[PDB]
Amino acid sequence: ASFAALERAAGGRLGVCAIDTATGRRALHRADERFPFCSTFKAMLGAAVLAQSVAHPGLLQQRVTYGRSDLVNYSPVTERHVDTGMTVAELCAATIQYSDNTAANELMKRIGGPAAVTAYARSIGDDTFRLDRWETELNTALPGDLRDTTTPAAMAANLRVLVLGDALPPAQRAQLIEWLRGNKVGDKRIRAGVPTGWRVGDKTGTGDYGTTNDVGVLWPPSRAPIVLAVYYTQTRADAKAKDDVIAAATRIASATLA
């Protein structure tokens, strides 16, 4: 019935921040607790790359050459381009739309590592987010570890100002939205919990301890958008990701904000 009820049924710890951008009403659960963000940080990474390209417009064109030993687990796009390289823009699209892990590392090598993503977060008003590690270690999702964590509220605030606000200049804002709307690997999470008429731009995350996340912006066809951040993590190290918990949380959040 409710987020608290969903959590009790699924087990684990569920964090939600949903914001109706027309009224500021929210649907919340553990919204100020830290969670391991896993691949949802790739939305921030893309934003940080886009922001660096504002003073250096050629950044998105730069070609990155990497080798077999640079590939980490789950690299479905980059593993096809070991012999050609990829541009920074192509790496952004791969990491956001397919969650490619090597693409994230290659982008962070270009822009100054975990510290550069964290500094970017601070620059848009997020004093909570911390990126400490690289792919795939940042997905360990250990109970009680603050590395590679944020709160549902901080990530919802970031999405609001990046997608619906003026944190990025308009051209870069449009590109971030295009990338997020093009997510190919999230159909069973937030996208499964909204009507097929609503449009979604989102980034999923998955990690150890059955960590299952999805953050994004929801555009209903005839009402203002809703910003939704959902984080979920479990007690046992070998727990299985639960896509359906994210879809169910999305149904509750959308109904609260109806």
# chains A, B, ... in the order shown; residues from 1 in each chain; ligands from 1
call {"tool": "closest_atom_pairs", "arguments": {"of": "stretch 139-239 of chain A", "to": "stretch 13-28 of chain A", "cutoff": "12 Å", "atoms": "only C-alpha atoms", "output": "JSON lines"}}
result
{"residue": "A:143", "atom": "CA", "partner": "A:13", "partner_atom": "CA", "distance": 10.6}
{"residue": "A:150", "atom": "CA", "partner": "A:15", "partner_atom": "CA", "distance": 10.6}
{"residue": "A:151", "atom": "CA", "partner": "A:15", "partner_atom": "CA", "distance": 7.9}
{"residue": "A:152", "atom": "CA", "partner": "A:17", "partner_atom": "CA", "distance": 5.3}
{"residue": "A:153", "atom": "CA", "partner": "A:17", "partner_atom": "CA", "distance": 5.4}
{"residue": "A:154", "atom": "CA", "partner": "A:17", "partner_atom": "CA", "distance": 8.9}
{"residue": "A:155", "atom": "CA", "partner": "A:17", "partner_atom": "CA", "distance": 8.5}
{"residue": "A:156", "atom": "CA", "partner": "A:17", "partner_atom": "CA", "distance": 6.4}
{"residue": "A:157", "atom": "CA", "partner": "A:19", "partner_atom": "CA", "distance": 8.9}
{"residue": "A:158", "atom": "CA", "partner": "A:17", "partner_atom": "CA", "distance": 11.7}
{"residue": "A:159", "atom": "CA", "partner": "A:19", "partner_atom": "CA", "distance": 10.5}
{"residue": "A:160", "atom": "CA", "partner": "A:21", "partner_atom": "CA", "distance": 8.3}
{"residue": "A:161", "atom": "CA", "partner": "A:21", "partner_atom": "CA", "distance": 11.0}
{"residue": "A:163", "atom": "CA", "partner": "A:21", "partner_atom": "CA", "distance": 11.6}
{"residue": "A:164", "atom": "CA", "partner": "A:21", "partner_atom": "CA", "distance": 9.0}
{"residue": "A:165", "atom": "CA", "partner": "A:21", "partner_atom": "CA", "distance": 10.9}
{"residue": "A:190", "atom": "CA", "partner": "A:18", "partner_atom": "CA", "distance": 11.7}
{"residue": "A:209", "atom": "CA", "partner": "A:13", "partner_atom": "CA", "distance": 10.9}
{"residue": "A:210", "atom": "CA", "partner": "A:13", "partner_atom": "CA", "distance": 10.7}
{"residue": "A:211", "atom": "CA", "partner": "A:13", "partner_atom": "CA", "distance": 9.6}
{"residue": "A:212", "atom": "CA", "partner": "A:14", "partner_atom": "CA", "distance": 9.5}
{"residue": "A:213", "atom": "CA", "partner": "A:15", "partner_atom": "CA", "distance": 9.2}
{"residue": "A:214", "atom": "CA", "partner": "A:16", "partner_atom": "CA", "distance": 9.9}
{"residue": "A:215", "atom": "CA", "partner": "A:17", "partner_atom": "CA", "distance": 9.4}
{"residue": "A:216", "atom": "CA", "partner": "A:18", "partner_atom": "CA", "distance": 9.7}
{"residue": "A:217", "atom": "CA", "partner": "A:18", "partner_atom": "CA", "distance": 9.4}
{"residue": "A:218", "atom": "CA", "partner": "A:20", "partner_atom": "CA", "distance": 9.7}
{"residue": "A:219", "atom": "CA", "partner": "A:21", "partner_atom": "CA", "distance": 10.4}
{"residue": "A:220", "atom": "CA", "partner": "A:20", "partner_atom": "CA", "distance": 11.0}
{"residue": "A:222", "atom": "CA", "partner": "A:22", "partner_atom": "CA", "distance": 11.8}
{"residue": "A:223", "atom": "CA", "partner": "A:22", "partner_atom": "CA", "distance": 8.1}
{"residue": "A:224", "atom": "CA", "partner": "A:22", "partner_atom": "CA", "distance": 5.7}
{"residue": "A:225", "atom": "CA", "partner": "A:21", "partner_atom": "CA", "distance": 5.9}
{"residue": "A:226", "atom": "CA", "partner": "A:20", "partner_atom": "CA", "distance": 4.7}
{"residue": "A:227", "atom": "CA", "partner": "A:19", "partner_atom": "CA", "distance": 5.1}
{"residue": "A:228", "atom": "CA", "partner": "A:18", "partner_atom": "CA", "distance": 4.3}
{"residue": "A:229", "atom": "CA", "partner": "A:17", "partner_atom": "CA", "distance": 5.2}
{"residue": "A:230", "atom": "CA", "partner": "A:16", "partner_atom": "CA", "distance": 4.7}
{"residue": "A:231", "atom": "CA", "partner": "A:15", "partner_atom": "CA", "distance": 4.9}
{"residue": "A:232", "atom": "CA", "partner": "A:14", "partner_atom": "CA", "distance": 4.5}
{"residue": "A:233", "atom": "CA", "partner": "A:13", "partner_atom": "CA", "distance": 5.5}
{"residue": "A:234", "atom": "CA", "partner": "A:13", "partner_atom": "CA", "distance": 6.3}
{"residue": "A:235", "atom": "CA", "partner": "A:13", "partner_atom": "CA", "distance": 8.3}
{"residue": "A:236", "atom": "CA", "partner": "A:13", "partner_atom": "CA", "distance": 11.7}
call {"tool": "write_last_selection", "arguments": {"atoms": "C-alpha atoms", "output": "mmCIF file, in the first residue's frame"}}
result
data_model
loop_
_atom_site.group_PDB
_atom_site.id
_atom_site.type_symbol
_atom_site.label_atom_id
_atom_site.label_comp_id
_atom_site.auth_asym_id
_atom_site.auth_seq_id
_atom_site.Cartn_x
_atom_site.Cartn_y
_atom_site.Cartn_z
ATOM 1 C CA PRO A 143 26.229 -2.115 4.635
ATOM 2 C CA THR A 150 24.056 9.714 -1.848
ATOM 3 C CA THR A 151 20.510 10.259 -0.545
ATOM 4 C CA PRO A 152 17.323 9.974 -2.605
ATOM 5 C CA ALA A 153 16.608 13.642 -1.810
ATOM 6 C CA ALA A 154 20.035 14.887 -3.019
ATOM 7 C CA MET A 155 19.792 12.941 -6.247
ATOM 8 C CA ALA A 156 16.201 14.147 -6.886
ATOM 9 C CA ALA A 157 17.352 17.740 -6.317
ATOM 10 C CA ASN A 158 20.209 17.221 -8.805
ATOM 11 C CA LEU A 159 17.888 15.857 -11.447
ATOM 12 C CA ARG A 160 15.471 18.712 -10.993
ATOM 13 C CA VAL A 161 18.164 21.376 -11.520
ATOM 14 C CA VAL A 163 16.874 18.438 -16.339
ATOM 15 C CA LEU A 164 14.321 21.109 -15.436
ATOM 16 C CA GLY A 165 16.556 23.931 -14.193
ATOM 17 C CA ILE A 190 10.456 3.050 -13.268
ATOM 18 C CA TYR A 209 23.678 -6.736 -1.740
ATOM 19 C CA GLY A 210 20.885 -6.890 -4.358
ATOM 20 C CA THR A 211 21.126 -3.161 -4.815
ATOM 21 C CA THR A 212 18.446 -2.000 -7.256
ATOM 22 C CA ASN A 213 18.115 1.686 -8.131
ATOM 23 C CA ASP A 214 16.542 3.994 -10.713
ATOM 24 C CA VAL A 215 16.436 7.794 -10.843
ATOM 25 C CA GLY A 216 14.862 10.037 -13.431
ATOM 26 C CA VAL A 217 12.235 12.492 -14.590
ATOM 27 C CA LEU A 218 8.715 11.516 -15.533
ATOM 28 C CA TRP A 219 6.635 13.537 -18.004
ATOM 29 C CA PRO A 220 2.922 12.746 -17.914
ATOM 30 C CA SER A 222 -1.017 16.505 -19.489
ATOM 31 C CA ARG A 223 0.574 17.437 -16.122
ATOM 32 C CA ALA A 224 3.909 18.806 -15.020
ATOM 33 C CA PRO A 225 6.840 16.481 -14.579
ATOM 34 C CA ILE A 226 7.678 14.454 -11.536
ATOM 35 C CA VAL A 227 11.280 13.904 -10.409
ATOM 36 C CA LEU A 228 11.704 10.385 -8.952
ATOM 37 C CA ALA A 229 14.719 8.867 -7.196
ATOM 38 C CA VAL A 230 14.422 5.244 -5.962
ATOM 39 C CA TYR A 231 17.223 3.425 -4.121
ATOM 40 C CA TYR A 232 16.880 -0.096 -2.712
ATOM 41 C CA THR A 233 19.410 -2.340 -0.993
ATOM 42 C CA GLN A 234 19.194 -5.666 0.856
ATOM 43 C CA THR A 235 20.700 -7.481 3.836
ATOM 44 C CA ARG A 236 22.503 -10.397 2.223
#
call {"tool": "residues_around", "arguments": {"residues": "stretch 130-136 of chain A", "least_positions_apart": "5", "cutoff": "7 Å", "atoms": "only C-alpha atoms", "output": "PyMOL selection string"}}
result
chain A and resi 101+105+114-115+117-118+147-150
call {"tool": "write_last_selection", "arguments": {"atoms": "N, CA and C atoms", "output": "short mmCIF file (atom, residue, chain, number, x, y, z; two decimals), in the first residue's frame"}}
result
data_model
loop_
_atom_site.label_atom_id
_atom_site.label_comp_id
_atom_site.auth_asym_id
_atom_site.auth_seq_id
_atom_site.Cartn_x
_atom_site.Cartn_y
_atom_site.Cartn_z
N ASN A 101 30.12 0.07 -18.30
CA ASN A 101 31.02 0.35 -17.19
C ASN A 101 32.36 0.86 -17.63
N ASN A 105 34.53 4.57 -16.75
CA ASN A 105 35.93 4.70 -16.33
C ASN A 105 36.72 5.56 -17.31
N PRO A 114 37.06 10.14 -9.85
CA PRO A 114 35.98 10.26 -8.87
C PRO A 114 35.92 11.64 -8.22
N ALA A 115 37.07 12.22 -7.93
CA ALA A 115 37.10 13.53 -7.28
C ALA A 115 36.46 14.57 -8.20
N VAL A 117 34.02 14.15 -10.35
CA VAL A 117 32.56 14.01 -10.34
C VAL A 117 31.97 14.57 -9.04
N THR A 118 32.66 14.32 -7.94
CA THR A 118 32.20 14.85 -6.65
C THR A 118 32.22 16.36 -6.63
N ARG A 147 31.19 5.15 1.19
CA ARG A 147 31.74 5.37 -0.14
C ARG A 147 30.68 5.23 -1.21
N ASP A 148 30.75 6.09 -2.24
CA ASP A 148 29.87 5.92 -3.40
C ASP A 148 28.42 5.89 -3.01
N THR A 149 28.02 6.85 -2.17
CA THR A 149 26.64 6.98 -1.71
C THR A 149 26.11 8.38 -1.93
N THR A 150 24.77 8.44 -1.95
CA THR A 150 24.06 9.71 -1.85
C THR A 150 22.69 9.43 -1.21
#
call {"tool": "closest_residue", "arguments": {"among": "A:94, A:146, A:59, A:5", "to": "residue A:42", "atoms": "only C-alpha atoms"}}
result
A:94
call {"tool": "select_by_dssp", "arguments": {"residues": "stretch 9-251 of chain A", "states": "strand (DSSP E or B)", "output": "ChimeraX atom specification"}}
result
/A:13-20,26-29,35-36,63-64,86-87,130,149-150,199-207,211-219,226-233
call {"tool": "closest_residue", "arguments": {"among": "A:9, A:108, A:38, A:51", "to": "residue A:168", "atoms": "only C-alpha atoms"}}
result
A:51
call {"tool": "decode", "arguments": {"residues": "stretch 22-148 of chain A", "atoms": "C-alpha atoms", "output": "tab-separated table (two decimals), in the first residue's frame"}}
result
chain	number	residue	atom	x	y	z
A	22	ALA	CA	4.02	21.87	-10.21
A	23	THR	CA	3.15	21.93	-6.50
A	24	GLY	CA	6.34	20.88	-4.70
A	25	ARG	CA	4.45	18.06	-3.01
A	26	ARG	CA	6.59	15.03	-2.36
A	27	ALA	CA	6.34	11.31	-1.76
A	28	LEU	CA	9.12	10.16	0.54
A	29	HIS	CA	10.65	7.29	2.36
A	30	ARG	CA	14.10	7.39	4.00
A	31	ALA	CA	14.76	10.29	1.67
A	32	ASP	CA	17.65	11.61	3.72
A	33	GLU	CA	19.40	8.26	4.25
A	34	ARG	CA	22.51	7.35	2.29
A	35	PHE	CA	22.37	4.51	-0.24
A	36	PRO	CA	24.98	3.00	-2.60
A	37	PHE	CA	24.13	4.75	-5.84
A	38	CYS	CA	25.78	2.26	-8.22
A	39	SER	CA	25.28	3.20	-11.88
A	40	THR	CA	22.85	6.01	-11.20
A	41	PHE	CA	25.97	8.22	-10.83
A	42	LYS	CA	26.43	7.96	-14.60
A	43	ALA	CA	23.77	10.67	-14.97
A	44	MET	CA	26.06	12.93	-12.88
A	45	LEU	CA	29.08	11.83	-14.86
A	46	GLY	CA	27.45	12.79	-18.11
A	47	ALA	CA	26.46	16.14	-16.65
A	48	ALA	CA	30.02	16.72	-15.45
A	49	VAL	CA	31.42	15.94	-18.93
A	50	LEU	CA	28.88	18.24	-20.52
A	51	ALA	CA	29.81	21.00	-18.04
A	52	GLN	CA	33.53	20.63	-18.84
A	53	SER	CA	32.62	20.95	-22.52
A	54	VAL	CA	31.13	24.39	-21.85
A	55	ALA	CA	34.53	25.92	-21.45
A	56	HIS	CA	36.14	23.44	-23.92
A	57	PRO	CA	33.72	22.85	-26.80
A	58	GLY	CA	35.90	20.34	-28.51
A	59	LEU	CA	35.81	17.97	-25.52
A	60	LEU	CA	32.86	15.93	-26.80
A	61	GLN	CA	34.71	15.28	-30.07
A	62	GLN	CA	37.90	13.94	-28.53
A	63	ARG	CA	38.67	10.33	-29.44
A	64	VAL	CA	39.53	7.91	-26.64
A	65	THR	CA	41.59	4.88	-27.47
A	66	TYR	CA	41.50	2.05	-24.93
A	67	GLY	CA	42.62	-1.57	-24.98
A	68	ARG	CA	41.39	-5.01	-23.91
A	69	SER	CA	42.89	-4.59	-20.43
A	70	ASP	CA	40.85	-1.43	-19.91
A	71	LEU	CA	37.59	-3.36	-20.25
A	72	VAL	CA	35.77	-4.06	-16.99
A	73	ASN	CA	32.74	-6.26	-16.50
A	74	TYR	CA	29.56	-5.23	-18.36
A	75	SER	CA	30.89	-3.21	-21.31
A	76	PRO	CA	28.44	-4.02	-24.07
A	77	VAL	CA	29.27	-1.03	-26.27
A	78	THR	CA	32.94	-0.37	-25.52
A	79	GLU	CA	33.88	-4.03	-26.06
A	80	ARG	CA	32.87	-3.52	-29.73
A	81	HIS	CA	35.25	-0.62	-30.29
A	82	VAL	CA	38.58	-1.73	-28.92
A	83	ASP	CA	40.05	-1.38	-32.45
A	84	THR	CA	38.59	2.10	-33.29
A	85	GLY	CA	38.26	4.00	-30.04
A	86	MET	CA	35.18	6.08	-29.23
A	87	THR	CA	34.54	9.78	-28.90
A	88	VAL	CA	33.77	11.34	-25.49
A	89	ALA	CA	30.16	11.94	-26.68
A	90	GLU	CA	29.84	8.29	-27.74
A	91	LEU	CA	31.15	7.18	-24.33
A	92	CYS	CA	28.56	9.37	-22.63
A	93	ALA	CA	25.77	7.84	-24.70
A	94	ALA	CA	27.06	4.31	-23.98
A	95	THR	CA	27.37	4.84	-20.21
A	96	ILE	CA	23.96	6.47	-19.84
A	97	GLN	CA	21.87	4.49	-22.32
A	98	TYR	CA	23.42	1.05	-21.85
A	99	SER	CA	25.10	1.54	-18.43
A	100	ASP	CA	28.47	0.62	-19.99
A	101	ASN	CA	31.02	0.35	-17.19
A	102	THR	CA	34.25	0.79	-19.15
A	103	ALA	CA	32.75	3.91	-20.75
A	104	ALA	CA	32.33	5.45	-17.30
A	105	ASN	CA	35.93	4.70	-16.33
A	106	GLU	CA	37.22	6.08	-19.62
A	107	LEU	CA	35.25	9.29	-19.12
A	108	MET	CA	36.47	9.67	-15.58
A	109	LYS	CA	40.10	9.19	-16.77
A	110	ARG	CA	39.54	12.10	-19.12
A	111	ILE	CA	37.97	14.54	-16.61
A	112	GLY	CA	39.83	13.93	-13.32
A	113	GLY	CA	38.41	10.82	-11.68
A	114	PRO	CA	35.98	10.26	-8.87
A	115	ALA	CA	37.10	13.53	-7.28
A	116	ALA	CA	36.04	15.49	-10.38
A	117	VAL	CA	32.56	14.01	-10.34
A	118	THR	CA	32.20	14.85	-6.65
A	119	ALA	CA	33.43	18.39	-7.20
A	120	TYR	CA	30.87	18.75	-10.00
A	121	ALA	CA	28.12	17.63	-7.63
A	122	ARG	CA	29.19	20.28	-5.12
A	123	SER	CA	29.06	22.89	-7.89
A	124	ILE	CA	25.35	22.25	-8.48
A	125	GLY	CA	24.42	22.37	-4.78
A	126	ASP	CA	24.83	18.71	-3.81
A	127	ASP	CA	26.95	18.50	-0.63
A	128	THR	CA	25.85	14.88	-0.05
A	129	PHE	CA	26.96	12.83	-3.11
A	130	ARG	CA	30.41	11.29	-2.87
A	131	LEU	CA	32.07	9.27	-5.63
A	132	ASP	CA	35.11	7.51	-4.21
A	133	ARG	CA	35.86	4.56	-6.54
A	134	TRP	CA	35.83	3.39	-10.14
A	135	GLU	CA	33.82	0.72	-11.95
A	136	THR	CA	33.12	-1.97	-10.81
A	137	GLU	CA	34.36	-1.50	-7.20
A	138	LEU	CA	31.90	1.37	-6.65
A	139	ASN	CA	29.10	-1.26	-6.74
A	140	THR	CA	30.17	-3.22	-3.63
A	141	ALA	CA	27.29	-1.63	-1.71
A	142	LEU	CA	28.55	-2.74	1.67
A	143	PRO	CA	26.23	-2.11	4.63
A	144	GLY	CA	27.48	0.86	6.62
A	145	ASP	CA	29.96	2.05	3.98
A	146	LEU	CA	29.61	5.69	2.98
A	147	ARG	CA	31.74	5.37	-0.14
A	148	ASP	CA	29.87	5.92	-3.40
